[PDB]
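S.K.: coords below, sequence missing:
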């Protein structure tokens, strides 16, 4: 930026290596960053009481899997409490993942704040004091961060104020992260409220992504040292029209290549409620698109990698091998369907 | 405002009464909201060490003046610690001010954050967890809040990013305050940071105010329940060209009436380094301008009201009568030069 | 603007004198600028054929009125063909008005252009070649110009694109006019397509005006040398509930004082289909508002000053004095109800 | 969009085929669209007088080349006067090019207009009446159009106003062109005025392109049916340090892939005074870049394809085959570079 650049050559280089190594060889991201309430909601499906010990146990099973998981998982997103826990043997989770070669990341948003004068749409809190938190995390073996911005499709939604505020919050987050050495993961998530179709979701996603990357350019954010976590362009789950993997893949790649620059090293997809098989098939169809796709499309999956694991665990011991294999199978399936090599 | 208004009729009415009552009859604002470092800097000039007891004592003298100070002071801005401090007889400072009829306000920004890729330009932190703080203050007998945004005039300053981010932060602050019932005091302060002239400072102030009120309109902020705290349009003290009260008054009123709507009940001026006599004469000349001036121009003075009080106190007891008279006289002089009646 | 000001002291002074002299003593604007199709539509109501001769004759009757009309009319907006017409003798219409003391203005837009991807929303053409036309008009005894931008209220109307494009077109027009010495008359007209409410119309008008003056500030437009021509906040003819002059005045002044700066010398209102009596009563109620109103509210009326004139003329000969008296009566009534003196 | 899309499936498909066929197999664009003054300036270098007959003759030599030129040239940009000329025979120039397989395009901007309050930076005229002109050209066998917007690098240049106005003008141009069936060629040209750096030029180009494509998305412009005509990130002729083809290539592609979406079918480069050999070497180095480059990089060259042609012609008769061979050689070399196969 001539006289006042945001980063230096070393910082840009380090950010690019981190961002590329997360998605280096078809690898994805395990999103084990659920909060206390989110993890309680996930645990309620298998009649397991929500407590810190259960979260520690399940995350220990997730992070103590066979060492051939760096071939399918390149990064793990964590929560603040989960990063500092210990396994049963007495070493840190962030070190177990580090010796496996998996890159470590942290959730960095503090939540939602109502936006007055708007139809139930919010902005994201977490910006004040984020630089110190990011510096502490970078000291504490964390290489990337994640920030989620929710934009809803409803009557008069998303408004110009919501789009502008969310895009600028994501851009300021990303600039802070890159200033502290962390790779930012922008997650502009478009959630439909009323009934809609594929074309409207694609249009709104294109608008959101255009505003997001315009804000990122405005804040001088290094695009080669950041990742994108968008939702796949789908419809409301309470809709008669069920879209095949081909139509979803065409819609999402069409939305992405119109708005997302080629400087972004990789686009890791979220789930947002899709089944594991549907997410895998959709991502496989995404990677089989004839469109340019100048990025490394991959997965940043939550429930999709932790649905059979929860069912196999049940909150009980002696199911460690079953949970580890259930997570192994889903990780391998998504890694296969991150290069268009899934049957 | 057809389907999703920001406020209701009762909230709008209450905000308008609070904002007008702050500046009802030529009354101003005493800015006794200096932080620990700021109050230490103020105390250092009279050989008094900075401590929590000295800050308690001086504001104890300031808030224990004769009851005929509501005729000159309509609002007092406090700090978080000073709000909960108590009088020597065991009464809260905010309760003392409330029985005197003076409206209570609180500083509500958490500080400055560097803006990457900019020439030493900063944004303002304090937005996350501001609704809860404002609700707590409203339950705690606080009726208005203040938020400062600093814009500098330098090489390639202010940039578009700085103006946009600061204006949007001020607008989000104001919307949060109005949602919690507090009257927001926008303080866009354009600091010189150079040897620029009156024309450039006036131009930059007009740009800042236009962007600030555009952002306020974007965030649906009730303009009748806000106050503005702008700097008087002056030049950098490094430059050798002085400006008479007439030139300063013409420049600042010219900048204000091109950008500040008539809905704003009153414009209270800050000082930012002016002497007490200079501030009084400048505000007198401001209120003697032939221009329309649809607001109630007043003062929101810090050091300007607490400079002779510091010199009369000296950190010692038995001089509190001189401290009260040096603040009584200065407040009365500014109230007199808040309606063009000062000789 | 320090290093690169838009205008000089002489240009700013001349623009301010022109703009103030248009609205000097409660005087309004006669909007006799109907195009060929528009004037034909207005002539069709009295069963007279549309031709250039009839247009010349009726405006000859309008401009051949007693020289006391300078006490009620301060400016006349003409069309391009009407400006160069003659008064049946060797003296032009523009000179007829100039020796009468009335300021001369010209319509300066070419009109609607479809805006793709929008719900029937349009932008305004006229920008290319505007500087040369404005210079020619200024050489031709024209002192102000007018530009109309239409924004509609409908489903997803007004959109952000329509608001931004129309505001920027108005600002670019105003900058060109002030560069050529003409006083620009911004006419942001909000037309409702459906059954709207008073609150919705007020909110949309505030948004439009805030964006318009933000764009005007962005383009460095001298606000003291320009006029505003807004529509009163009213209801459509299909609205179930009628709005009294007090309510319309309340909504109009409330919308104006939150967004229109005090630098604007005067606000001249348009009609947009309201009757002459209703326009007069509404403008009287507007000028009787207890709100600040730092401008000189007046009228820029079209059909409201040429409704009884058309009905008295009828296209026939020797029915001139009736047209003269009707136009004089309407102009005097509106001038009386431009300072709150109309009973 | 869901309810108000800019184009239909047939219009989008036709625009896609036209835009891709212009750049189908490494083919470029011959920019023989010089205006009367521009063509006179280019003719003055070989001591020939400027007249319509000389332009007709030289355009005849350019368009009467062997039919294998469709293997190197996929589109020709013409002027309004040039499109309607004849081949000294029955056939028109446009039909001569059409039966050669070359796509036809037209210049569509009226040109610079001073932007008041700015440092000598202008906006572009041509928007009013553009829809009718584009419809006439589409009826006249013209398949694409071109529009140039100039932004300067100087003190306070480019300003926010210049960037925004030029980007929005380009977007409105492109939307009109796509509504009329023409493929728009955006030409955001950044020209330095002074002594700049490669880093500064790259940064300014990135900001310009980000704003341009944000405006294009704001106006709902089909990105798969448009082309981009940027200048290579180079240095001025007064720059102390010369930049190698490798450095220029990297800077250009680095600027392009951070801001230009993958939906854009091809990026055709201009010359801007860069010599014929340097343009070919730089384009070959650009096409040899290891960066993603999801587009079809090619050339839209003016003087670069018409410098040896002008020197071989000299305005004399019977010096035609030399001009044919020079133009063929330059076109073939630039096509080889556009395929990255130029040695």
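M.R.: Right, received. Where do you want to start? Residues are numbered from 1 along each chain as shown, chains lettered A, B, ... in the order given.
S.K.: mind jotting down where the strands sit in the stretch 1-150 of chain A?
M.R.: Ranges of strands within the stretch 1-150 of chain A are A:28-31, A:73-78, A:103-107, A:111-114, A:122-125, A:144-153, based on DSSP state E, counting those that start in this stretch.
S.K.: residue A:320 contacts residue A:63, doesn't it?
M.R.: No - Residue A:320 is beyond contact range of residue A:63, at 11.9 Å (criterion: C-beta atoms under 8 Å). Bear in mind the C-beta positions are built from the backbone N, C-alpha and C, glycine included.
S.K.: looking at those two, which is more packed in?
M.R.: Using other C-beta atoms under 10 Å in any protein chain shown, the more surrounded residue of residue A:320 and residue A:63 is residue A:63, with 23 against 16.
S.K.: so that one touches residue A:95, yeah?
M.R.: No - using C-beta under 8 Å, residue A:63 is not in contact with residue A:95; the gap is 10.0 Å.
S.K.: burial of the residue of the stretch 101-250 of chain A found nearest chain C, as a residue count?
M.R.: The stretch 101-250 of chain A approaches chain C most closely through residue A:160 (4.8 Å), counting by C-beta to the nearest C-beta. Around residue A:160 sit 14 other residues, with neighbours defined as other C-beta under 10 Å.
S.K.: OK, contacts around the residue lying closest to residue A:15 once chain neighbours are set aside?
M.R.: What sits nearest to residue A:15 in space, not counting adjacent residues and going by C-beta to C-beta, 6 or more residues apart in numbering or on different chains, is residue A:225, at 2.5 Å. Residues near residue A:225 by C-beta atoms under 8 Å, 6 or more residues apart in numbering or on different chains: A:7, A:12, A:14-16, A:18-19, A:178, A:183, A:265.
S.K.: at 10 Å what do you get?
M.R.: Applying C-beta atoms under 10 Å, 6 or more residues apart in numbering or on different chains to residue A:225 gives the contacts A:7, A:11-20, A:144, A:174, A:177-178, A:181-184, A:263-265.
S.K.: list only those of these flagged as buried.
M.R.: A:7, A:11-12, A:14-20, A:144, A:174, A:177-178, A:181-184, A:263-265 (16 or more other C-beta atoms under 10 Å in any protein chain shown).
S.K.: before we move on, back to that, which residue sits closest to the residue of the stretch 101-250 of chain A closest to chain C, ignoring its sequence neighbours?
M.R.: Going by C-beta to C-beta, 6+ apart, residue A:160 has residue C:160 as its nearest residue, at 4.8 Å.
S.K.: contacting residues around that neighbour?
M.R.: By C-beta under 10 Å, 6+ apart, the residues touching residue C:160 are A:159-160, A:163-164, A:207, C:211, D:218.
S.K.: gap between it and residue C:71?
M.R.: Summarising the geometry, the distance separating residue C:160 from residue C:71, computed by C-beta to C-beta, to the nearest Å, is 45 Å.
S.K.: enumerate the residues of the stretch 201-343 of chain A near chain D.
M.R.: Neighbours of chain D within the stretch 201-343 of chain A, by C-beta under 10 Å from any C-beta of the partner chain: A:201-204, A:206-207, A:209-211, A:213-218, A:220-224, A:253-265, A:291-295.
S.K.: what about the residues you listed, which are in helices?
M.R.: Residues from these lying in helices, with DSSP state H as the criterion: A:201-204, A:206-207, A:209-211, A:213-218, A:253-259.
S.K.: of those residues, list those near chain B.
M.R.: If you filter those for contact with chain B, counting by C-beta under 10 Å from any C-beta, you are left with A:215, A:218.
S.K.: give me the beta-bridge partners of the residue nearest to residue A:73 when sequence neighbours are not counted?
M.R.: By the measure of C-beta to C-beta, 6+ apart, the closest residue to residue A:73 outside its immediate chain neighbours is residue A:30, 5.1 Å from it. Going by DSSP bridges, residue A:30 is paired in beta bridges with residue A:76, residue A:301.
S.K.: quick one, what contacts residue A:30?
M.R.: A:62-63, A:69, A:72-78, A:97, A:102, A:105, A:299-302, A:304-306, A:327, A:330-331, A:334.
S.K.: coming back round to it: nearest approach to residue A:342 belongs to which of the strands of the stretch 1-150 of chain A?
M.R.: Minimum separation from residue A:342 across the strands of the stretch 1-150 of chain A (C-beta to C-beta) falls at strand A:28-31, 12.7 Å.
S.K.: distance from the chain centre to that closest one, please.
M.R.: The chain centroid and the centroid of strand A:28-31 are separated by 7 Å, computed with C-alpha atoms, centre = their mean, to the nearest Å.
S.K.: repeat that for stretch A:295-313.
M.R.: Distance of stretch A:295-313 from its chain centroid, counting by C-alpha atoms, centre = their mean, is 11 Å.
S.K.: same thing with stretch A:169-189?
M.R.: Averaged C-alpha coordinates place stretch A:169-189 at 13 Å from its chain's average position (C-alpha atoms, centre = their mean).
S.K.: do me a favour and get the end-to-end distance for it?
M.R.: For stretch A:169-189, the separation between the terminal residues is 14 Å (C-alpha to C-alpha, to the nearest Å).
S.K.: anything in it near chain C?
M.R.: No - using C-beta under 10 Å from any C-beta, stretch A:169-189 never reaches chain C; the gap is at least 17.9 Å.
S.K.: does chain D sit close to that stretch?
M.R.: No - judged by C-beta under 10 Å from any C-beta, stretch A:169-189 and chain D are separated, with a smallest distance of 11.8 Å.
S.K.: quick one: that stretch near chain B?
M.R.: Yes - using C-beta under 10 Å from any C-beta, we find that stretch A:169-189 touches chain B at A:169, A:171-172, A:174-176, A:178-179.
S.K.: buried set for stretch A:106-124?
M.R.: A:106-110, A:113, A:115-119, A:121-124.
S.K.: whoops, I mixed them up, stretch A:83-99
M.R.: In stretch A:83-99, counting by 16+ other C-beta under 10 Å, buried: A:83, A:85, A:87, A:92-94, A:96-97.
S.K.: ok, the closest residue to chain D within the stretch 51-200 of chain A - contacts?
M.R.: With C-beta to the nearest C-beta as the measure, the residue in the stretch 51-200 of chain A that lies nearest chain D is residue A:200; the distance is 3.6 Å. Taking C-beta under 10 Å, 6+ apart, we find residue A:200 in contact with A:153, A:192, A:194, A:233, A:235, D:1-3.
S.K.: neighbour-wise, which of these leads?
M.R.: Across those, the neighbour count under other C-beta under 10 Å reaches its highest value at residue A:233, namely 27 neighbours.
S.K.: you'd agree it is up against residue A:245?
M.R.: No - assessed by C-beta atoms under 10 Å, residue A:233 is found out of contact with residue A:245, at 12.0 Å.
S.K.: between these two, which contacts overlap?
M.R.: Going by C-beta under 10 Å, 6+ apart, residues that sit against residue A:233 and also against residue A:245 are residue A:282.
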